[PDB]
Structures are given as C-alpha cells and as structure tokens.
Amino acid sequence: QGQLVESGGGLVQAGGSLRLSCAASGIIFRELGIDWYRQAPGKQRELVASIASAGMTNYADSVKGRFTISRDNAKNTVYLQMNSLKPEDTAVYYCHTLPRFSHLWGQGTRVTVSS
Amino acid sequence: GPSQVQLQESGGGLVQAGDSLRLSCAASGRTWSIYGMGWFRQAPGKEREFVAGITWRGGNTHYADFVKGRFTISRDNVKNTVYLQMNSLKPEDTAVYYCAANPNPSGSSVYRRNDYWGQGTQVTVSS
C-alpha cells in the first residue's frame, strides 16, 4: 500500500514562512525520489520541488530561491521550507512519490497566503 | 516506428555560444512501465551518443564527459516529462537531440539499446 501523511500548512502572512512535512510509511523511502506538487485555483496541478534519492533537487521557476526541499531518511520524512510567501503560492500542496506502478499521494495540505 | 510508449521532443532552436536552452520530452501511452529516460545527441555524420540519463523513480542522474556540469536533466513522473537544461552551449553541441526511454542491455547499437525513441529536435549553436 504505502501512505504519505502531510503536516503543517495553513494561513500565513505574505512575506512570512511556512514549513511542510510529509511522513512516509509502507514504502522503501531511501530508494525513492520525493516530490511536492500543488494545485492553485484555476490551474492544473503542477510540480513545485523534487529531491532524488541521491539528494539532487529541482524547483519550479516561480519558487527558485524561496523554497527548499530536503529529506531525513532516518525519519522517512521530506520537508518543504517555504520562505517569502506570496498569494501566488496559495494552493493545495501534495506530497508525492512513485513506488511501483500507481502514484502515491498525500492527503493534501492547504496553504493560504493573506496580506 | 510506432510503439507502446510515445515520446515527443520540443524546445530546440538556434542560439549563440554562451546561451542557455531547455529541452523537454512528453511521454505518452503506457507511461507506468517507464523505468528510465535519457537525452542523446546525433552530431553531424555521427551515431547518436549518450548525453544525460535519469532513473524514473529514484530521480538519480548521470552525464556524459563532455557535459562538464553544464547540463541538468530532471523528470516529472506525474506529467510524464523529462527535461534537459542546457547552459553555456558551445558550437560543438550542435546536433539533433533525441529523447529515449528504458535502456535495454541487449542490442547491437545505441538505438536498439533503448526501447522507445522520440523524433529529435535540432539544437544549433553559432558564434
């Protein structure tokens, strides 16, 4: 099966910072690349940040320099450090990986940026 | 020819030395059976050769010796796309760039050592 449990998020003032967490279970976490996705209003769900099992990271253009993805293999969790938040970033954020043939998604944590 | 998994390059074009360019490859079909992808270049008069590769579920990468840290390959296994960020392009990089999926250990050539191939996109570097 496998389960991704996201935590953190919520309402935050623009210019402030949040930190999301995603605890994994039922999967071999060390061998998998983990991704953060988000679905903004009116837009298709898009990739936000990726971290490979070897540690390399990729970021969408609109979050470069503001977000940081990192993993703790001992805790089987991945973090998304969001700095300098903007209403651009208001979306439902999803933790993701692909253990076998079916996509494994977290429940979806909402991030709402106010002014 | 046609295949289970279809690949589609785009983003090629004409640039000058020192410029950057980003290729992308849209995978379709039985995308769940994709285990690895790679970017290859077919230089004028030359057999296509490996440029960069990536594992589909691990996201781990590897680069040819002429890349020299200039290129970066990444994938989106939800959107079923693989990207090649090409920085500091040189005239020697001018080639047709091909997208490929699933290396195969048996095969008498690079072409036959990958199960799925795109159709290529031209990258031309002047100056």
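Below, read A as the first sequence line, B as the second, and so on, with proteins coming before strands; counting in each chain starts at 1. The basis for the numbers below is simple: all heavy atoms, side chains too, and nothing from hydrogens, waters or symmetry mates.
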Between the CD atom in A:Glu46 and the OG atom in A:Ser62, the distance rounded to the nearest 0.5 Å is 6.0 Å

Selection residues 105-124 of chain B - residue pairs positive for salt bridge (charged side-chain N to carboxylate O under 4.0 Å, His left out), sequence neighbours left out: none

Decide whether a cation-pi geometry holds between A:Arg45 and A:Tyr94; the criteria are a distance under 6.0 Å from NZ or CZ to the six-membered ring centre and an angle within 45° of the ring axis. yes

Atom CZ of residue position A:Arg19 - does it have more than 12 heavy atoms of other residues, nucleotides or ligands inside 6.0 Å? yes

Any luck finding a side-chain donor-acceptor pair between A:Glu88 and A:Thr90 under 3.5 Å? no

Interface check, chain B: of A:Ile34, A:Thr97, A:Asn58, A:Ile51, most non-hydrogen pairs under 4.5 Å belong to A:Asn58

Members of residues 33-48 of chain B whose heavy atoms come closer than 4.5 Å to chain A: B:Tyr35

Pair B:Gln6-B:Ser28, side-chain donor/acceptor within less than 3.5 Å: yes

Neighbour count >12 (heavy atoms, 6.0 Å) for atom CZ, A:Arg30: no

Heavy-atom cut-off 4.5 Å, strictly under: side chain, backbone, both or neither for A:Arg100 against chain B? backbone

Using side chain to side chain donor-acceptor pair (under 3.5 Å), reason through A:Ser50 and A:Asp35 one step at a time and then give a plain yes or no. CA-CA 4 Å; A:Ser50 290; A:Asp35 314 311; 2.7 Å; yes

Under the disulfide bond (SG atoms under 2.5 Å apart) definition, can you give me all pairs with a residue in residues 4-105 of chain B, not counting sequence neighbours? B:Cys25-B:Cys99

Which residues, numbered in order, of residues 52-80 of chain B come under 4.5 angstrom of chain A by heavy-atom distance? B:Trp56, B:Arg57, B:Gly58, B:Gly59, B:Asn60, B:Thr61, B:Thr72, B:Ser74, B:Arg75, B:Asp76, B:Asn77, B:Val78

Are A:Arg71 and A:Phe29 in a cation-pi contact, defined as NZ or CZ under 6.0 Å from the six-membered ring centre and within 45° of the axis? yes

